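Peer 1: First the structure, which I've put down as structure tokens, then a few questions once you've had a look.
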Amino acid sequence: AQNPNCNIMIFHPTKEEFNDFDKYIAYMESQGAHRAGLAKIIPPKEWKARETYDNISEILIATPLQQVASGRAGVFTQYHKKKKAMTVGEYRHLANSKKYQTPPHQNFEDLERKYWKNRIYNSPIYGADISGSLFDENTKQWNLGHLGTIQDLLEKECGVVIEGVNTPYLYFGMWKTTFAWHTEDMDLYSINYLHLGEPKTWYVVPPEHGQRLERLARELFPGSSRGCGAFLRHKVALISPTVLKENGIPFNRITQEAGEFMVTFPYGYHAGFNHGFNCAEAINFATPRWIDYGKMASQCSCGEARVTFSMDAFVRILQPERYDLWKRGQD
Ligand SMILES: O=C(O)CNC(=O)C(=O)O
Ligand SMILES: [Mg+2]
Ligand code: NI
Ligand SMILES: [Zn+2]
């Protein structure tokens with residue numbers, strides 16, 4: 001069995017190996033990468049996402065989100081308070097302001113310590129989930145706006161043609177902006193490219209151990225757990241590495257830098273934070289191996305999780321018994 005300890009693996013594809021996306025995902029899996037829940041892919045030196053980032057300041061962040069925490073330093077929830085629209089250039093200035101800028105630090109480890117110690121006492125503003133792409137149309141390899149669609153994958157594997165579309169999203173981050181513990185919608189894969197700026201630290205639980213994290217989360221957020229049998233789908237709960245280690249939950253950590261891809265695998269729980277001003281692009285995707293995870297994915301039916309148009313067909317086709325309840329939660 002490859003990668004039996006479920007370590008995060010890092011890949012350095014050649015330019016030739018970077019041509020066929022599906023093939024390379026399958027190669028990584030042949031080496032056990034999925035066991036970790038997360039892999040890093042460093043693109044060949046010949047590759048570029050686009051020529052420059054000099055012209056991105058006019059992009060609009062229509063609904064910047066201020067991430068307000070409640071709880072204790074290692075165990076908290078966050079809610080998103082909507083703020084007035086601002087451009088990327090306005091957001092970058094805000095991120096770099098004394099109120100929001102990254103503090104002096106020695107190295108990633110020192111910054112990580114500062115994050116866990118101090119995150120709850122601040123409310124950073126995140127430009128998340130902005131439909132769009134920063135890949136040049138002429139970038140043919142690993143261009144997140146030109147991947148095979150999940151609807152086409154389900155059609156190819158199962159024979160059923162469905163409605164829906166699959167497009168990427170931009171994330172503009174600052175110091176302490178946070179992504180809560182989650183798996184993807186319908187336990188899909190995700191791929192994330194860090195276009196520019198400061199790093200992003202990830203934490204991940206191996207898919208084979210995801211239920212351990214769920215059980216801890218029910219313990220730690222007991223009101224939330226009573227409200228919803230899949231409340232991690234709400235994407236509001238944080239648990240620190242220290243707390244995870246105290247409770248024996250298997251996990252790993254890695255820092256992604258600008259110019260690097262991360263792939264999250266089906267049912268790989270992940271969480272993390274941004275080091276300073278940055279811009280990432282991410283999209284969900286599927287492979288044949290995903291279908292079995294999609295059929296077994298938990299779902300939130302309490303109303304909170306509220307998701308894209310395109311999840312309807314996945315639930316309807318893969319989870320017909322759950323569909324009527326889930327759709328009531330949509331409505
Ligand atoms: O970058 C972020 O804020 C969150 N990204 C992901 O959860 C992802 O790419 O799957
Ligand atoms: Mg612009
Ligand atoms: Ni994710
Ligand atoms: Zn719910």
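FYI, nothing fancy with the structure tokens labels: chains A, B, ... in order, residues from 1 per chain, ligands from 1 as they appear.
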Please identify the strand (DSSP E) residues within range 43-83 of chain A (assignment by DSSP from backbone atoms) and present them as an NGL selection string.
Peer 2: :A and (60-61 or 65-72 or 75-82)
Peer 1: Name the residues in contact with range 267-274 of chain A at a cut-off of 8 Å, using only C-alpha atoms, excluding same-chain residues fewer than 6 positions from it; report them as an MDAnalysis selection string.
Peer 2: chainID A and resid 36:38 173:184 187:188 198:207 210 238 293
Peer 1: Store the residues of this selection in a file with C-alpha atoms, as a PDB file, in the first residue's frame.
Peer 2:
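Everything below was put into part-v9.pdb:
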```
ATOM      1  CA  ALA A  36      -3.012  12.396   2.941  1.00  0.00           C
ATOM      2  CA  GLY A  37      -6.033  14.288   1.707  1.00  0.00           C
ATOM      3  CA  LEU A  38      -3.836  17.019   0.174  1.00  0.00           C
ATOM      4  CA  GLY A 173      -6.805  37.130   1.394  1.00  0.00           C
ATOM      5  CA  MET A 174      -4.988  39.001   4.119  1.00  0.00           C
ATOM      6  CA  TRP A 175      -3.207  38.105   7.407  1.00  0.00           C
ATOM      7  CA  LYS A 176      -5.359  35.820   9.545  1.00  0.00           C
ATOM      8  CA  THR A 177      -8.059  35.229   6.943  1.00  0.00           C
ATOM      9  CA  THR A 178      -9.261  31.765   7.676  1.00  0.00           C
ATOM     10  CA  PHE A 179     -10.810  28.739   5.973  1.00  0.00           C
ATOM     11  CA  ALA A 180     -12.708  26.568   8.385  1.00  0.00           C
ATOM     12  CA  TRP A 181     -12.572  22.766   8.601  1.00  0.00           C
ATOM     13  CA  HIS A 182     -14.463  21.247   5.640  1.00  0.00           C
ATOM     14  CA  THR A 183     -14.565  18.776   2.855  1.00  0.00           C
ATOM     15  CA  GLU A 184     -15.732  19.886  -0.611  1.00  0.00           C
ATOM     16  CA  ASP A 187     -16.801  15.304  -1.260  1.00  0.00           C
ATOM     17  CA  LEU A 188     -15.350  16.484  -4.613  1.00  0.00           C
ATOM     18  CA  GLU A 198       1.955  35.783   0.752  1.00  0.00           C
ATOM     19  CA  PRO A 199       1.636  32.113   1.648  1.00  0.00           C
ATOM     20  CA  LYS A 200      -1.325  29.999   2.701  1.00  0.00           C
ATOM     21  CA  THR A 201      -0.925  27.354   5.518  1.00  0.00           C
ATOM     22  CA  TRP A 202      -3.024  24.201   5.226  1.00  0.00           C
ATOM     23  CA  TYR A 203      -4.014  21.556   7.700  1.00  0.00           C
ATOM     24  CA  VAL A 204      -5.521  18.252   6.495  1.00  0.00           C
ATOM     25  CA  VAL A 205      -6.966  15.007   7.915  1.00  0.00           C
ATOM     26  CA  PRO A 206      -6.424  11.797   5.872  1.00  0.00           C
ATOM     27  CA  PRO A 207      -9.745  10.693   4.268  1.00  0.00           C
ATOM     28  CA  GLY A 210     -12.267  11.929   8.582  1.00  0.00           C
ATOM     29  CA  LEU A 238     -11.851  25.911  13.669  1.00  0.00           C
ATOM     30  CA  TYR A 293     -17.422   9.304  -2.447  1.00  0.00           C
TER      31      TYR A 293
END
```
Peer 1: Using only C-alpha atoms and all ligand atoms, which of the listed residues (A:113, A:140, A:234, A:289) sits closest to ligand 4?
Peer 2: A:234
Peer 1: Just list as number ranges by chain whatever in range 193-270 of chain A DSSP marks as helix (DSSP H, G or I).
Peer 2: A: 207-220, 222-227, 231-234, 241-246
Peer 1: Could you list, as a ChimeraX atom specification, every residue within 12 Å of residue 143 in chain A, counting only C-alpha atoms and ignoring same-chain residues fewer than 4 positions away?
Peer 2: /A:18-21,43,47-50,133-139,147-148,167-168,191-193,195,261,281-283
Peer 1: Check the smallest atom-to-atom distance from each of A:84, A:209, A:12, A:98 to residue 44 in chain A using only C-alpha atoms, then report the winner.
Peer 2: A:12
Peer 1: Go through the chains and note each residue within 9 Å of ligand 2, using only C-alpha atoms and all ligand atoms, then give the set as a PyMOL selection string.
Peer 2: chain A and resi 54-60+87-89
Peer 1: Taking only C-alpha atoms into account, which of A:91, A:304, A:223, A:30 comes nearest residue 64 in chain A?
Peer 2: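 Ranking A:91, A:304, A:223, A:30 by distance to residue 64 in chain A, first place goes to A:91.
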Peer 1: Counting only C-alpha atoms, figure out which residue out of A:260, A:92, A:240, A:255 gets nearest to residue 45 in chain A.
Peer 2: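 That would be A:260, the residue with the smallest distance to residue 45 in chain A.
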Peer 1: Which distance in Å separates CA of residue 77 in chain A and CA of residue 101 in chain A, to one decimal?
Peer 2: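 So the two atoms, CA of residue 77 in chain A and CA of residue 101 in chain A, lie 22.2 Å apart.
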Peer 1: Range 150-153 of chain A: which residues within 12 Å, counting only C-alpha atoms, same-chain residues fewer than 3 positions away excluded, as a PyMOL selection string?
Peer 2: chain A and resi 22+146-147+156-167+185-186+188-190+283-291+294+310-314+317
Peer 1: Go through A:17, A:1, A:117, A:63 and flag the residue nearest residue 31 in chain A, using only C-alpha atoms for the distances.
Peer 2: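 When distances to residue 31 in chain A are compared using only C-alpha atoms, the smallest one comes from A:1.
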Peer 1: List as number ranges by chain the protein and nucleic acid residues near residue 245 in chain A, meaning an atom at most 12 Å away when only C-alpha atoms are counted, but skip any in the same chain fewer than 6 places from it.
Peer 2: A: 74, 205, 213, 216, 239, 251-252
